[PDB]
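Single-structure report; data block below.
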Amino acid sequence: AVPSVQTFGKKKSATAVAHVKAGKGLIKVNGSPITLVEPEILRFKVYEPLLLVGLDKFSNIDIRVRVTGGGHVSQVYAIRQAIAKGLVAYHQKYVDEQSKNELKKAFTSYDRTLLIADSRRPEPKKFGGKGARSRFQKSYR
Amino acid sequence: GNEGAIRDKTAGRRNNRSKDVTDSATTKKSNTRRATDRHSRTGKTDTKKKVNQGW
Amino acid sequence: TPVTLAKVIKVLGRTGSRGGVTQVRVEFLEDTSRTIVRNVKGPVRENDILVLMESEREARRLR
Amino acid sequence: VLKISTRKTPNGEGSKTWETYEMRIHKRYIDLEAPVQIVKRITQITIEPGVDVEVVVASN
Amino acid sequence: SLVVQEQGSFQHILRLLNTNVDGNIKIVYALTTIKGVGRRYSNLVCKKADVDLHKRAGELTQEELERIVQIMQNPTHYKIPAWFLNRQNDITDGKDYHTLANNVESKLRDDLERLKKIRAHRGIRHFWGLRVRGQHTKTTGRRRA
Amino acid sequence: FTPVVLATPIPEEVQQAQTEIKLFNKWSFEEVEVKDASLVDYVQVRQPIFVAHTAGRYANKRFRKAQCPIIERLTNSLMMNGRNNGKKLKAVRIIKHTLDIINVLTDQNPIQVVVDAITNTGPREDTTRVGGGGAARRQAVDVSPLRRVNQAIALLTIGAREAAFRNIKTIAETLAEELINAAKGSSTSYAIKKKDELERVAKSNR
Amino acid sequence: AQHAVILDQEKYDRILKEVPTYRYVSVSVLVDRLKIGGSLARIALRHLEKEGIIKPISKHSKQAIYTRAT
Amino acid sequence: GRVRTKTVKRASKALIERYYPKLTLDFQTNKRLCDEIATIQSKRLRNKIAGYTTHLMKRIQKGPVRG
Amino acid sequence: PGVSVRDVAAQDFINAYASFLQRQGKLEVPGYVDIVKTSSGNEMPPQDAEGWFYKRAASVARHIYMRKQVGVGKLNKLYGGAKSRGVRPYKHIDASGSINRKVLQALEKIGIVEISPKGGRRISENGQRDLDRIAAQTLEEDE
Amino acid sequence: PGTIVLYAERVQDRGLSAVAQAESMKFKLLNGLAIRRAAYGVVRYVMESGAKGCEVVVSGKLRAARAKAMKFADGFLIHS
RNA sequence: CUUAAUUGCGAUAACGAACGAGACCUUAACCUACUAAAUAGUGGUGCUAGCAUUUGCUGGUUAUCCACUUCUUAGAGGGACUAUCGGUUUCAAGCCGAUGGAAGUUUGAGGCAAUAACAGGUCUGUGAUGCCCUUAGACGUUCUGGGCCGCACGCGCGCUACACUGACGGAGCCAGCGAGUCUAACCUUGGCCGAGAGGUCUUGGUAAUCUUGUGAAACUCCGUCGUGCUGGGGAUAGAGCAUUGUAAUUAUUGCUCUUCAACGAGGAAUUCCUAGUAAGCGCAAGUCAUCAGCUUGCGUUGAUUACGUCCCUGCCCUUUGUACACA
Ligand SMILES: [Mg+2]
Ligand SMILES: [Mg+2]
Ligand SMILES: [Mg+2]
Ligand SMILES: [Mg+2]
Ligand SMILES: [Mg+2]
Ligand SMILES: [Mg+2]
Ligand SMILES: [Mg+2]
Ligand SMILES: [Mg+2]
Ligand SMILES: [Mg+2]
Ligand SMILES: [Mg+2]
Ligand SMILES: [Mg+2]
Ligand SMILES: [Mg+2]
Ligand SMILES: [Mg+2]
Ligand SMILES: [Mg+2]
Ligand SMILES: [Mg+2]
Ligand SMILES: [Mg+2]
Ligand SMILES: [Mg+2]
Ligand SMILES: [Mg+2]
Ligand SMILES: [Mg+2]
Ligand SMILES: [Mg+2]
Ligand SMILES: [Mg+2]
């Protein structure tokens, strides 16, 4: 029982839950440092919240994340969201508002949708094609 | 029997391959009356009294 | 090569029977105050800047 | 959700119109610690045509 | 791996198993042009011959090759599992062979004849120059013969 | 750069550049600029990013396509020809190598070279098939800046994919090559030839 | 079967005497010199790296990059 | 397309016809007015009506509106 | 400072574990290695050819260390890739339940895994020991 | 025997159940009523039974070889 | 004029309504607000393992306890009305841009769908049916076997490819829609044996409980090969082993070795599509004893180019001609 918040992040169908408890600055993802998230070209996608907002700000907290669902990309876009939504949820309850509204400002001015969850989602396919818009081929005899 | 089967000349790939294709192969539908559908064939024609009786 | 810069003044509409062509009046930035209406190819909005390859020639309705 | 996907045509003619019916099943459970007097009062009453009540016992 | 500096020892095209083998290609895949021996079989043999797979064909000191032939035409005396082989339960003596690079042409005939000579419907189907594994002959296979 | 070390450690090279200048993989989104008039407002450098993988709603409105980081619009057009649809991670890696390749030759900050190529290949004017009756002549037109950029992205990427086909050289090398030869055209890049010949035929009908 | 799937001692010297002035050196660079096939071209890369001539600036398979030593 | 049907516009007409001493230029309160003043069978329909009584309200304040 | 294997890049860990089981010799490999295929959905044997039992054991070890318990039927499904069915569409196919059952056994006799209850195989208390060791040795090359 | 129990029950004002009035058409045209009369009365009884609307359709063939059909509808109905 | 819409604005011998479009319904999106959940899951604590030791980090423990409902579930509500502001416009319906917003392309995708027409298809779905035919050497029915797969060829839907954005080999390793056995043998974990396919011993599940985290595939990582029909390609074919079934020959399917074809991007032509869409990629379900290169859905990776017009084609609308009205 210390200062702590839990937050989530949802890309396509991935969800990334992230508890933000007061600590000595660690950031784990399902079991592992944020330096081992590899599909690895996107590595700086999940570092990104740390660098937009300065590598400090974590020395008083510990972040842990576990992602279920999604895929090798959808999960990477969901953890960064829960990491940044949580770093800004922590300044909600514990640090004051002006610090928090500086953080929303420095994310949304960059915002690869870091606090705002992307509404895009697979459209249902309908009979007559392999896709949702695509149709089967025809011939007119 | 199966003896006659392989012994039989005039059989197997080579034989047919050496034959001209019938032109009935690459035909069309031939359609056989798709454009006299509306012209009834019964030659009868239901009257109008037997219609007004019914309906 | 005498190159000619020309800011789009106004959107006038789609010419060309297919439609991929748009009628637009432009204003050059060097020596403004004289306008030319040109036929564009790509999608165009107000205040874009067109590279007129030759200056003194304008077009009208297309087929 | 019990899906059933089927062509509308009895025959084969026409564009291939498909059609899927569904039947949704809602299953609740409520755990009660009670004596015999209520559970038997509560099984006879609160019957409803079309709501299948099932009462089991034994935490084992 | 390494940078090697072979002398004039390495040779270009070399002949074995009544065939010809390209020297400047890897030895595992060099043995493939020999008929009846393929990727898997060539691999296991070279492993069994205690030979460096990284070597090309033009490498392989003459001792190594003579070994590689020996194991190919006797897989059962050198522990190759008798399901690694193209002819098991033969048809007459029931042994387990591996037909190799000119005999495989012979044994296709040997087999195809055993069917024709017996009037099995499969044979008849071969003699007619058709497909025998049962595939529909309406649409496919029109250029072939 | 005032480093800070917490429990699970962030590497020095990582710590260093990130909170510093907000630059690319390890390239500078700074002084890179467009050596031309419009083709400005239609190249994205500033704003900067780290890698060119952005789930951006760039299509659901007409012109907002022009807000995508141009470097990423270069990649997006690599990942195609059917077999490579999707496969952005593939592409995203091809660019990093290309830029690094282009970096080695002619130092020239490479995200600026990518700019120079897109500029130097967009056909300024072009032609369409006006009716005229049966026998259709060609009316010269002046192509928009957006179509100028778009066409430069396809033009570059295609002939380089076509180069890297059936040959020992890779996608990144051929992509690097065509790009480099397009930073100031050299009559040998598949692109420049098309650009030049789209302003040669747009000239012959005027 | 087209020229230099082997070492060809003169070719070793070629590599030692020609890699200077290569601003870019990679697999496709080594073959383009009427020279080594891609396999032994890939072995030279870690060799010329054993000391000196090349600086490894790229990382991995499917793309290598080296640069003149300074 | 976002052209409101008649029943929306017809309702807005009928409401501004007889409850002008209410229904400020704010939709949200117009919404909360509609529940108590008119019987509407669905939130979506009621929102669509109140959103339009709002518009018609807002331009009356500058000049009349015919109907 | 303290070390888990989850602190190590999954690739170089197994490679470091691969060299270990190699350098050691207390292995119990089957012997049909170099001739087996590792899945029906494969064309060629592995290229390690003396090895790849170390690599898989090391892989197998890490995977079971990461969770409660798994079975041979699970590793079949994990290590199984897509089988080209010639002219027919690709399909996922499970891998050899013999390589894996023998990898499980050869690691248990070597005391890195035990037959967990609830079914399966559990990470050995002695495997925890030896894994976090070589993991800590892996972050030694990076000091 | 015993574990199943059946109870008849008068239906409340049949003139508002489709199925009832369908089997009434049947038990008119079989009893020989004029098709227009038969359908038109059914519509009248359903209406006097207090419906918002009713609609009877007869399809098939009466006395004439050809097939025809007839909508018989009165009052209010919606369809979507 | 506007709209996706007889959608409206406006004009107005019309005024004011109804069917149909809209509304409505279903699903996918937003709730740290409401009601809780050992068949969902978190934080604490025991009990417990490993590494560092400095308090840490990383796990185990279908009830050793405590509390919570952010995550999952589904009830009740709420939320959006193209809002606010601004351009444009008969300053009308509306439209366009900007901010805000989960969401502003009918929010996205469907379900429902008036009047009418067709000699459209279906008597081979029906113990729906008129008439005609047949009805014991049967056109009834059952049983044995064969055939619907037959092969000079023409056409259509597809699958797999021509490689280096690649094959292959190791390693990383991530979804969602589903189904699943009583008077019975469905979905199958785990342990063994087997190279493989499989086999054998057991086991959980009538199911958010067990199969299943369906560890799927593309994909990501390190290697091998190096442009050569090559290790691209996997047709044809020989030989062996297995499963389904009373039965596998004209080879149901699966596995192993071998054999290694055409195909070097495709003439005239022609199909589909505007955002989580196209394309690539697998999966579940339907059929199913066994067999998917099919289909219905599903998630995963994820673009390019329009955001226009009537030129091509197709269809609606007026005007107009008619000796047509079975049109
Ligand atoms: Mg061969
Ligand atoms: Mg896998
Ligand atoms: Mg694998
Ligand atoms: Mg294939
Ligand atoms: Mg209605
Ligand atoms: Mg909740
Ligand atoms: Mg916005
Ligand atoms: Mg007919
Ligand atoms: Mg019928
Ligand atoms: Mg048939
Ligand atoms: Mg079809
Ligand atoms: Mg192959
Ligand atoms: Mg692979
Ligand atoms: Mg055996
Ligand atoms: Mg049981
Ligand atoms: Mg070949
Ligand atoms: Mg093509
Ligand atoms: Mg199936
Ligand atoms: Mg079918
Ligand atoms: Mg349109
Ligand atoms: Mg008239």
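We label chains A, B, ... in the order they appear in the structure tokens, count residues from 1 in each chain, and number ligands from 1 in the order shown.
Considering only C-alpha atoms (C1' of nucleotides) and all ligand atoms, the residues that reside within 9 Å of ligand 1 can be listed as residues 31, 32, 33, 34, 35, 36, 37, 38, 39 and 101 of chain E; 258, 259 and 260 of chain K.
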- Message: Just want the residues within 12 Å of ligand 17, written as number ranges by chain, counting only C-alpha atoms (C1' of nucleotides) and all ligand atoms.
- Response: F: 80-83, 162; K: 162, 265-266
Write the residues you've just listed into a file as a PDB file, in the first residue's frame, and include N, CA and C atoms (P, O5', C5', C4', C3', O3' and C1' of nucleotides) for each of them.
```
ATOM      1  N   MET F  80       5.134  -3.052 -51.096  1.00  0.00           N
ATOM      2  CA  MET F  80       4.075  -3.390 -52.022  1.00  0.00           C
ATOM      3  C   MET F  80       4.647  -4.298 -53.100  1.00  0.00           C
ATOM      4  N   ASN F  81       3.876  -4.452 -54.179  1.00  0.00           N
ATOM      5  CA  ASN F  81       3.967  -5.556 -55.142  1.00  0.00           C
ATOM      6  C   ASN F  81       3.436  -6.857 -54.542  1.00  0.00           C
ATOM      7  N   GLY F  82       2.297  -6.766 -53.859  1.00  0.00           N
ATOM      8  CA  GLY F  82       1.505  -7.935 -53.537  1.00  0.00           C
ATOM      9  C   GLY F  82       2.142  -8.821 -52.494  1.00  0.00           C
ATOM     10  N   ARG F  83       3.238  -9.476 -52.881  1.00  0.00           N
ATOM     11  CA  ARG F  83       3.941 -10.352 -51.959  1.00  0.00           C
ATOM     12  C   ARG F  83       4.470  -9.589 -50.757  1.00  0.00           C
ATOM     13  N   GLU F 162      12.606  -2.527 -59.218  1.00  0.00           N
ATOM     14  CA  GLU F 162      12.859  -3.173 -60.499  1.00  0.00           C
ATOM     15  C   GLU F 162      14.346  -3.449 -60.701  1.00  0.00           C
TER      16      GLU F 162
ATOM     17  P     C K 162       8.605 -17.765 -56.487  1.00  0.00           P
ATOM     18  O5'   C K 162       9.467 -17.390 -57.773  1.00  0.00           O
ATOM     19  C5'   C K 162      10.335 -18.344 -58.375  1.00  0.00           C
ATOM     20  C4'   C K 162      10.262 -18.335 -59.892  1.00  0.00           C
ATOM     21  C3'   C K 162      10.716 -17.063 -60.595  1.00  0.00           C
ATOM     22  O3'   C K 162      12.122 -17.063 -60.785  1.00  0.00           O
ATOM     23  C1'   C K 162       8.670 -17.854 -61.542  1.00  0.00           C
ATOM     24  P     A K 265       9.691 -13.003 -67.665  1.00  0.00           P
ATOM     25  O5'   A K 265       8.320 -12.625 -66.965  1.00  0.00           O
ATOM     26  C5'   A K 265       7.091 -12.864 -67.632  1.00  0.00           C
ATOM     27  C4'   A K 265       6.008 -11.994 -67.063  1.00  0.00           C
ATOM     28  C3'   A K 265       6.392 -10.525 -66.914  1.00  0.00           C
ATOM     29  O3'   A K 265       5.396  -9.596 -67.402  1.00  0.00           O
ATOM     30  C1'   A K 265       5.960 -11.513 -64.753  1.00  0.00           C
ATOM     31  P     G K 266       3.808  -9.717 -67.157  1.00  0.00           P
ATOM     32  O5'   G K 266       3.174  -9.591 -68.611  1.00  0.00           O
ATOM     33  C5'   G K 266       3.849 -10.106 -69.747  1.00  0.00           C
ATOM     34  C4'   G K 266       3.240 -11.404 -70.200  1.00  0.00           C
ATOM     35  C3'   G K 266       1.721 -11.431 -70.294  1.00  0.00           C
ATOM     36  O3'   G K 266       1.268 -10.980 -71.560  1.00  0.00           O
ATOM     37  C1'   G K 266       2.515 -13.359 -69.135  1.00  0.00           C
TER      38        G K 266
END
```
- Message: Could you list, as a VMD selection string, every residue within 12 Å of residue 166 of chain K, counting only C-alpha atoms (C1' of nucleotides) and ignoring same-chain residues fewer than 2 positions away?
- Response: (chain F and resid 83 to 84 164 to 168 170 to 171) or (chain G and resid 62) or (chain K and resid 162 to 164 168 225 to 227 231 to 232)
Can I get the selected residues back with C-alpha atoms (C1' of nucleotides), as a PDB file, in the first residue's frame?
```pdb
ATOM      1  CA  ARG F  83       3.941 -10.352 -51.959  1.00  0.00           C
ATOM      2  CA  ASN F  84       5.201  -7.479 -49.822  1.00  0.00           C
ATOM      3  CA  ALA F 164      16.936  -5.103 -57.169  1.00  0.00           C
ATOM      4  CA  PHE F 165      14.948  -7.817 -58.957  1.00  0.00           C
ATOM      5  CA  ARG F 166      16.855 -10.868 -60.220  1.00  0.00           C
ATOM      6  CA  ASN F 167      20.211  -9.435 -59.142  1.00  0.00           C
ATOM      7  CA  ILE F 168      22.782  -9.685 -56.377  1.00  0.00           C
ATOM      8  CA  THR F 170      19.738  -5.580 -52.450  1.00  0.00           C
ATOM      9  CA  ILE F 171      16.676  -3.383 -52.073  1.00  0.00           C
TER      10      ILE F 171
ATOM     11  CA  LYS G  62      20.610  -9.404 -45.516  1.00  0.00           C
TER      12      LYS G  62
ATOM     13  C1'   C K 162       8.670 -17.854 -61.542  1.00  0.00           C
ATOM     14  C1'   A K 163      12.957 -16.150 -56.367  1.00  0.00           C
ATOM     15  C1'   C K 164      17.785 -12.209 -53.174  1.00  0.00           C
ATOM     16  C1'   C K 168      16.182 -23.001 -46.469  1.00  0.00           C
ATOM     17  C1'   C K 225      23.187 -20.570 -50.027  1.00  0.00           C
ATOM     18  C1'   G K 226      24.628 -16.270 -54.433  1.00  0.00           C
ATOM     19  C1'   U K 227      22.258 -15.634 -59.371  1.00  0.00           C
ATOM     20  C1'   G K 231      19.127 -24.918 -52.596  1.00  0.00           C
ATOM     21  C1'   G K 232      13.675 -20.795 -57.006  1.00  0.00           C
TER      22        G K 232
END
```
- All residues having an atom within 10 Å of ligand 11 (only C-alpha atoms (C1' of nucleotides) and all ligand atoms) as a ChimeraX atom specification: /A:128-129,136-139 /D:15-16 /K:156-157
Convert the current residue selection to file output with N, CA and C atoms (P, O5', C5', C4', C3', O3' and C1' of nucleotides), as a PDB file, in the first residue's frame.
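Saved result, part-v7.pdb, follows:
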```
ATOM      1  N   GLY A 128     -19.738 -12.830 -50.289  1.00  0.00           N
ATOM      2  CA  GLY A 128     -19.502 -12.508 -51.677  1.00  0.00           C
ATOM      3  C   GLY A 128     -18.062 -12.156 -51.974  1.00  0.00           C
ATOM      4  N   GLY A 129     -17.192 -12.239 -50.973  1.00  0.00           N
ATOM      5  CA  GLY A 129     -15.789 -11.934 -51.180  1.00  0.00           C
ATOM      6  C   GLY A 129     -14.943 -12.405 -50.021  1.00  0.00           C
ATOM      7  N   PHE A 136     -15.887 -11.306 -54.968  1.00  0.00           N
ATOM      8  CA  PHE A 136     -15.392 -12.382 -55.808  1.00  0.00           C
ATOM      9  C   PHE A 136     -15.408 -11.958 -57.274  1.00  0.00           C
ATOM     10  N   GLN A 137     -14.554 -12.609 -58.068  1.00  0.00           N
ATOM     11  CA  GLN A 137     -14.495 -12.313 -59.490  1.00  0.00           C
ATOM     12  C   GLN A 137     -15.755 -12.822 -60.193  1.00  0.00           C
ATOM     13  N   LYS A 138     -16.155 -12.111 -61.251  1.00  0.00           N
ATOM     14  CA  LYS A 138     -17.277 -12.492 -62.102  1.00  0.00           C
ATOM     15  C   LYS A 138     -16.829 -12.490 -63.563  1.00  0.00           C
ATOM     16  N   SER A 139     -17.696 -12.963 -64.460  1.00  0.00           N
ATOM     17  CA  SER A 139     -17.222 -13.170 -65.826  1.00  0.00           C
ATOM     18  C   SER A 139     -18.155 -12.713 -66.950  1.00  0.00           C
TER      19      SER A 139
ATOM     20  N   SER D  15     -27.647 -14.971 -57.438  1.00  0.00           N
ATOM     21  CA  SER D  15     -26.454 -14.606 -56.690  1.00  0.00           C
ATOM     22  C   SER D  15     -26.500 -15.294 -55.336  1.00  0.00           C
ATOM     23  N   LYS D  16     -25.324 -15.570 -54.796  1.00  0.00           N
ATOM     24  CA  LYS D  16     -25.222 -16.440 -53.633  1.00  0.00           C
ATOM     25  C   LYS D  16     -25.542 -15.640 -52.366  1.00  0.00           C
TER      26      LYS D  16
ATOM     27  P     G K 156     -12.478 -18.051 -69.970  1.00  0.00           P
ATOM     28  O5'   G K 156     -13.219 -18.447 -68.614  1.00  0.00           O
ATOM     29  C5'   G K 156     -14.387 -17.750 -68.217  1.00  0.00           C
ATOM     30  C4'   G K 156     -14.964 -18.267 -66.920  1.00  0.00           C
ATOM     31  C3'   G K 156     -14.073 -18.207 -65.695  1.00  0.00           C
ATOM     32  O3'   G K 156     -14.007 -16.904 -65.136  1.00  0.00           O
ATOM     33  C1'   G K 156     -15.091 -20.316 -65.801  1.00  0.00           C
ATOM     34  P     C K 157     -12.779 -16.466 -64.200  1.00  0.00           P
ATOM     35  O5'   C K 157     -13.046 -17.249 -62.847  1.00  0.00           O
ATOM     36  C5'   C K 157     -14.221 -17.002 -62.095  1.00  0.00           C
ATOM     37  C4'   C K 157     -14.319 -17.920 -60.903  1.00  0.00           C
ATOM     38  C3'   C K 157     -13.172 -17.881 -59.912  1.00  0.00           C
ATOM     39  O3'   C K 157     -13.226 -16.758 -59.056  1.00  0.00           O
ATOM     40  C1'   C K 157     -13.816 -20.117 -60.300  1.00  0.00           C
TER      41        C K 157
END
```
- Item | All residues having an atom within 10 Å of ligand 21 (only C-alpha atoms (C1' of nucleotides) and all ligand atoms) as a VMD selection string | chain K and resid 320 to 322
- Within 8 Å of segment 52-59 of chain C, counting only C-alpha atoms (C1' of nucleotides), which residues qualify if same-chain residues fewer than 2 places away don't, as a PyMOL selection string? (chain C and resi 2-6+36-39+50+61) or (chain F and resi 124-125+142)
Using only N, CA, C and O atoms, please write the residues we just selected to a file, as a JSON list (two decimals), in the first residue's frame.
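Now in out_11.json:
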```
[["chain", "number", "residue", "atom", "x", "y", "z"],
["C", 2, "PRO", "N", 13.83, 29.64, -67.85],
["C", 2, "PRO", "CA", 13.01, 30.61, -67.12],
["C", 2, "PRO", "C", 11.89, 29.89, -66.39],
["C", 2, "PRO", "O", 10.91, 29.45, -67.00],
["C", 3, "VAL", "N", 12.05, 29.75, -65.10],
["C", 3, "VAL", "CA", 11.06, 29.07, -64.28],
["C", 3, "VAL", "C", 10.11, 30.12, -63.72],
["C", 3, "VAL", "O", 10.47, 31.30, -63.58],
["C", 4, "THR", "N", 8.88, 29.71, -63.43],
["C", 4, "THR", "CA", 7.81, 30.64, -63.09],
["C", 4, "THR", "C", 7.06, 30.10, -61.88],
["C", 4, "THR", "O", 6.41, 29.06, -61.97],
["C", 5, "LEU", "N", 7.14, 30.81, -60.76],
["C", 5, "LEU", "CA", 6.39, 30.46, -59.57],
["C", 5, "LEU", "C", 5.03, 31.14, -59.61],
["C", 5, "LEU", "O", 4.93, 32.31, -60.01],
["C", 6, "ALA", "N", 3.99, 30.42, -59.19],
["C", 6, "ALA", "CA", 2.63, 30.94, -59.30],
["C", 6, "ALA", "C", 1.77, 30.35, -58.19],
["C", 6, "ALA", "O", 1.47, 29.15, -58.19],
["C", 36, "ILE", "N", -3.11, 34.37, -64.21],
["C", 36, "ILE", "CA", -3.25, 33.42, -65.31],
["C", 36, "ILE", "C", -4.03, 32.23, -64.79],
["C", 36, "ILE", "O", -3.79, 31.75, -63.68],
["C", 37, "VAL", "N", -4.97, 31.74, -65.60],
["C", 37, "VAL", "CA", -5.75, 30.56, -65.25],
["C", 37, "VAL", "C", -5.13, 29.36, -65.94],
["C", 37, "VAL", "O", -5.03, 29.32, -67.18],
["C", 38, "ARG", "N", -4.72, 28.37, -65.15],
["C", 38, "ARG", "CA", -4.01, 27.20, -65.64],
["C", 38, "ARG", "C", -4.78, 25.92, -65.34],
["C", 38, "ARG", "O", -5.58, 25.85, -64.40],
["C", 39, "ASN", "N", -4.53, 24.91, -66.17],
["C", 39, "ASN", "CA", -5.08, 23.58, -65.99],
["C", 39, "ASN", "C", -4.08, 22.71, -65.24],
["C", 39, "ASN", "O", -2.96, 22.49, -65.71],
["C", 50, "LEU", "N", 2.33, 26.55, -57.98],
["C", 50, "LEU", "CA", 2.48, 25.77, -59.19],
["C", 50, "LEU", "C", 3.73, 26.19, -59.95],
["C", 50, "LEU", "O", 4.01, 27.38, -60.09],
["C", 61, "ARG", "N", -11.53, 25.27, -71.42],
["C", 61, "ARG", "CA", -12.28, 24.01, -71.44],
["C", 61, "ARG", "C", -11.50, 22.88, -72.11],
["C", 61, "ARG", "O", -10.85, 23.08, -73.14],
["F", 124, "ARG", "N", 7.37, 18.65, -63.44],
["F", 124, "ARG", "CA", 6.71, 19.93, -63.23],
["F", 124, "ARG", "C", 5.44, 20.04, -64.06],
["F", 124, "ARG", "O", 4.40, 20.48, -63.55],
["F", 125, "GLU", "N", 5.48, 19.65, -65.32],
["F", 125, "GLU", "CA", 4.28, 19.62, -66.14],
["F", 125, "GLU", "C", 4.17, 18.26, -66.82],
["F", 125, "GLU", "O", 5.12, 17.47, -66.84],
["F", 142, "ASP", "N", 0.02, 21.56, -65.93],
["F", 142, "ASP", "CA", 0.98, 21.75, -64.85],
["F", 142, "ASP", "C", 0.54, 20.90, -63.66],
["F", 142, "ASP", "O", -0.54, 21.11, -63.11]]
```
- Mind checking which residues fall within 12 Å of residue 34 of chain B, counting only C-alpha atoms (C1' of nucleotides), ignoring those fewer than 4 positions away in the same chain, and posting them as a count of residues only? 6
- Message: Counting only C-alpha atoms (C1' of nucleotides), a student should be able to say which residues of chain K come within 7 Å of chain I; what is the right answer, written as a ChimeraX atom specification?
- Response: /K:49-52,57-58,159-160,169-172,190,195-196,215-216,234,293
- Task: Output the neighbourhood of ligand 15 as a PyMOL selection string, that is, all protein and nucleic acid residues with some atom at most 9 Å from the ligand, counting only C-alpha atoms (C1' of nucleotides) and all ligand atoms.
- Result: chain K and resi 203-205
- Can you list, as a PyMOL selection string, all residues belonging to chain J that DSSP tags as strand (DSSP E or B)? chain J and resi 53-60+68-75
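The shell of residues at most 12 Å from residue 134 of chain F, with only C-alpha atoms (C1' of nucleotides) counted and near chain neighbours (fewer than 4 positions) removed, consists of residues 63 of chain C; 129 and 130 of chain F; 311 of chain K.
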Output for the residues just chosen: C-alpha atoms (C1' of nucleotides) as a PDB file, in the first residue's frame:
```pdb
ATOM      1  CA  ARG C  63     -12.666  17.527 -73.769  1.00  0.00           C
TER       2      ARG C  63
ATOM      3  CA  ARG F 129      -5.836  12.407 -73.025  1.00  0.00           C
ATOM      4  CA  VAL F 130      -8.167  15.219 -74.079  1.00  0.00           C
TER       5      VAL F 130
ATOM      6  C1'   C K 311     -15.664   9.988 -71.645  1.00  0.00           C
TER       7        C K 311
END
```
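Using only C-alpha atoms (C1' of nucleotides) and all ligand atoms as the basis for the distance check, residues found within 12 Å of ligand 9 are residues 9, 10 and 11 of chain D; 121, 122, 123, 124, 125, 126, 128 and 129 of chain K.
When only C-alpha atoms are used to measure the gap to chain C, the shortest distance among F:91, F:71, F:179, F:149 belongs to F:149.
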